[PDB]
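Student: any chance you could fold what I've pasted below:
(4 chains, ligands or ions: 1)
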Amino acid sequence: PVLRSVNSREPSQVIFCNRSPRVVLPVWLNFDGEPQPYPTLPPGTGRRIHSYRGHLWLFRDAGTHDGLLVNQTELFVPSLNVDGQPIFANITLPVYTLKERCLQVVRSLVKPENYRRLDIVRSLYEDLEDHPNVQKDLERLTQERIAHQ
Amino acid sequence: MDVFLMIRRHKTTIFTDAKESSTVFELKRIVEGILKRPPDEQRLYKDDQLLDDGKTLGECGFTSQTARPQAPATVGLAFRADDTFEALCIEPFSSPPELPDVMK
Amino acid sequence: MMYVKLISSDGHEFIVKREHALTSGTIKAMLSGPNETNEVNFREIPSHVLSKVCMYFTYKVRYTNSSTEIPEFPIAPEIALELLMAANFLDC
Amino acid sequence: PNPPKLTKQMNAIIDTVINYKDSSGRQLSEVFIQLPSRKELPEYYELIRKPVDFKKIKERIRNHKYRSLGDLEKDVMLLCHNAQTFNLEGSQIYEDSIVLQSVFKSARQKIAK
Ligand SMILES: Cc1ncsc1-c1ccc(CNC(=O)[C@@H]2C[C@@H](O)CN2C(=O)[C@@H](NC(=O)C2(F)CC2)C(C)(C)C)c(OCCCN2CCC(c3ccc4c(c3)n(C3CCCC3)c3nc(=O)c5c(Br)cccc5n43)CC2)c1
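Tutor: Numbering: from 1, shown residues only, chains lettered A, B, ... in the order given. Next comes the structure:
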């Protein structure tokens, strides 16, 4: 797998800093590229955590799995600890498209079973049902990384 | 510091940004460039109160906390109509329909 | 700066920076082929929805490429479906 | 309290197992040092009736709970069997416990010579 943690033995202290209004789910990509859910971060909180250089992390809304950014990007990799200092992983909301933001709100208000009882254009039902998922986003990111290489 | 504004007259709304340190007159100059009416032919309001030309936007009450891009502050605009300033009039936007039952 | 006029189904006129309106591919397509030069009319987008769309163009322009904590774009339950319909049409 | 020669042997064997590094330089004992908490992984405590880790083993040498090399062997064999019970065959951790079990046997032979 292209997106996976490197089996490194280099310890790396990180500050997971939740600068978003959501409950954050940190996701560690294991050595076999499989996503591993870690303890959640309430909004406006930070935790000093133990990781390794070369380890791959993703951040999602814990409740919905909506995508979040870390240091203005999708993946976080602990790197060089300058003069002992822990690495800061600033977790924030992306500037979502209006469509994706609307989908989020409609999803929070309607049960999936009731999506097709809404009076909207047919393709919007498909978008409502295309729930945000770690595995889905990984597949897209894998293609994105392969195209660069 | 940037302030995000809705300048409203009747059925017209101008969406614009400005500096907190910028003045009412500079904002009247932005209105002139768009609606082709000189500053003296305009009256600007923050709710019921008429804003003075010299006063900064921050002095009027427009701060980053209240004039947000996703929630702009309303600046009322009145023009001199039939040789005299018309009463301040802003037409309301439409009303959202009854919320769907599956959304209830 | 250039300005464009976006007109709601109920005749409300929203004057926004050309740059903000070009966020939408649909708006771009209707500013390059249809009454005036930089005026676009939306026959099915009401003023309570169009106003929120203009707020969204502002929010997007301000918060894209910025080192600041990004606030949530708020959307009231009552405008949620109609805002979804327009955002879909507009591709925003 | 145990005789001083016995305590030295126990620590020498356990240090060999813990400081064991494979071909890649990876310390196989690393994940086995500390058990997962009962809060984070309650299934582990529902499945494994006698949980042990290398910190618990070190503490049992130190407090003279093991009165022989056989007593120490039983706990290392229990840690490895636990690892082999909870985790799937072929997983890194399952495989690491197989190697640690072998390293223990060799280290006990060396000290007995
Ligand atoms: C607080 C907070 N808020 C937001 S994020 C957060 C937070 C942040 C950090 C931590 C701790 N840090 C890590 O988990 C880091 C992160 C990422 O970089 C990978 N990682 C590791 O440490 C990995 N290790 C290594 O790469 C190396 F050490 C070899 C170099 C490892 C997962 C494979 C262990 C945290 O940890 C809490 C949850 C993390 N889990 C890590 C694995 C743990 C574990 C520990 C001991 C185990 C074990 C599993 N398993 C299995 C394997 C998985 C299923 C259970 C197992 N089976 C056994 O049978 C056994 C026995 Br016999 C004896 C002793 C331990 C044993 N263990 C359980 C907790 C919470």
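Student: surely residue C:32 is within a strand?
Tutor: No - read with DSSP: H, G, I helix; E, B strand; the rest coil, residue C:32 is coil and lies in no strand.
Student: that one: neighbouring residues, count only.
Tutor: If you count neighbours by other Cβ atoms under 10 Å in any protein chain shown, residue C:32 ends up with 7. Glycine gets a C-beta too; all of them are placed from N, C-alpha and C.
Student: now residue A:30
Tutor: The burial count for residue A:30: 15, using other Cβ under 10 Å.
Student: ditto for residue C:30
Tutor: Residue C:30 has 16 nearby residues by other Cβ under 10 Å.
Student: contacting residues around it?
Tutor: In this structure, residue C:30 makes contact with residue C:40, judged by Cβ atoms under 8 Å, 6 or more residues apart in numbering or on different chains.
Student: same question, residue B:6
Tutor: By Cβ under 8 Å, 6+ apart, the contact list for residue B:6 reads B:13-15, B:72-75.
Student: list the buried ones in stretch B:55-69?
Tutor: For stretch B:55-69, a neighbour-count test (16 or more other Cβ atoms under 10 Å in any protein chain shown) marks B:57-58, B:60, B:62, B:67-69 as buried.
Student: so residue B:76, which of the three states?
Tutor: strand.
Student: would you mind listing what in chain D touches the ligand?
Tutor: D:30-32, D:35-36, D:40, D:53, D:79, D:82-83, D:86-87, D:93 (Cβ under 6 Å from any ligand atom).
Student: what about those, which one has the most neighbours?
Tutor: residue D:79 (25 neighbours).
Student: apart from its chain neighbours, what residue comes closest to that residue?
Tutor: residue D:52 (5.0 Å; Cβ to Cβ, 6 or more residues apart in numbering or on different chains).
Student: what secondary structure does that neighbour sit in?
Tutor: Residue D:52 ends up coil, using three-state DSSP.
Student: tell me the two of the buried residues of stretch B:55-69 that are most distant?
Tutor: B:60 and B:69 (18.6 Å; Cβ to Cβ).
Student: how close does residue A:8 sit to residue A:54?
Tutor: Separation of residue A:8 from residue A:54 (Cβ to Cβ, to the nearest Å): 4 Å.
Student: can you tell me how far the residue nearest to residue D:79 is from chain C?
Tutor: Distance, residue D:52 to chain C, by Cβ to the nearest Cβ, to the nearest Å: 46 Å.
Student: next: residue A:112.
Tutor: For residue A:112 relative to chain C (Cβ to the nearest Cβ), the value is 16 Å.
Student: ok, now which ones touch the residue in chain A that chain B sits nearest to?
Tutor: Of all residues in chain A, residue A:114 sits closest to chain B, at 3.9 Å by Cβ to the nearest Cβ. Neighbour list for residue A:114: residue B:102 [criterion: Cβ under 8 Å, 6+ apart].
Student: so it sits in a strand?
Tutor: No - according to three-state DSSP, residue A:114 belongs to no strand; its state is helix.
Student: how much space separates it from residue D:19?
Tutor: Using Cβ to Cβ, residue A:114 is found at 60 Å from residue D:19.
Student: check residue B:20 too.
Tutor: 63 Å.
Student: compare neighbour counts for these two and give me the winner.
Tutor: Each of residue B:20 and residue D:19 has its neighbours counted (other Cβ under 10 Å); residue B:20 has more, 16 against 11.
Student: so stretch A:59-73, near the ligand or not?
Tutor: No - on the criterion Cβ under 6 Å from any ligand atom, stretch A:59-73 is out of touch with the ligand, staying 10.2 Å away.
Student: state the helix or strand in which the closest residue to residue B:16 other than its chain neighbours lies.
Tutor: Leaving aside its sequence neighbours, residue B:16 sits nearest to residue B:5 (Cβ to Cβ, 6+ apart; 5.4 Å). Here residue B:5 sits within strand B:2-9, counting by DSSP states H and E.
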